[PDB]
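Asker: structure, please.
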Amino acid sequence: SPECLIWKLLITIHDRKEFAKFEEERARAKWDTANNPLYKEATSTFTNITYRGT
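Answerer: Numbering: from 1, shown residues only. Shown next is the structure:
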């Protein structure tokens with residue numbers, strides 16, 4: 001039951017306050033466009049062209 005093992009990690013991470021602190025930090029650093037979803041969308045597009053049907 002690999003799912004059970006993963007769940008355990010979530011508990012440990014959730015317990016770590018540092019994890020929550022990082023979450024808010026990411027949102028704060030969302031001022032740039034590179035960290036904006038649009039940036040990721042553009043990357044995925046290139047992946048397709050740089051590697052289509054092949």
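Asker: please, where are all the helices along this protein?
Answerer: Taking DSSP state H as the test, the helices found in the chain are 2-15, 17-28, 37-49.
Asker: in CSV: those, plus mean neighbour count.
Answerer: C-beta coordinates here come from the backbone N, C-alpha and C atoms, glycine included. Shown next, in CSV, are the helices of the chain (neighbours: other CB atoms under 10 Å):
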stretch, mean neighbour count
helix 2-15, 9
helix 17-28, 10
helix 37-49, 10
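Asker: count of residues packed around residue 35?
Answerer: 14 (other CB atoms under 10 Å).
Asker: give me the phi and psi angles of it.
Answerer: Dihedral angles phi and psi of residue 35 (degrees, to the nearest 10) take the values phi -90, psi 0.
Asker: would you confirm that it contacts residue 26?
Answerer: Yes: if you go by CB atoms under 8 Å, residue 35 and residue 26 touch, sitting 7.5 Å apart.
Asker: any idea how far residue 22 is from residue 13?
Answerer: 10 Å (CB to CB, to the nearest Å).
Asker: which residues do those two both contact?
Answerer: Overlap of the contact sets of residue 22 and residue 13 (by CB atoms under 8 Å, 6 or more residues apart in numbering) is empty.
Asker: what's around the nearest residue to residue 35 once chain neighbours are set aside, how many residues?
Answerer: Distance criterion CB to CB, 6 or more residues apart in numbering; nearest residue to residue 35, sequence neighbours excluded, is residue 29 at 5.8 Å. Using other CB under 10 Å, residue 29 is surrounded by 10 other residues.
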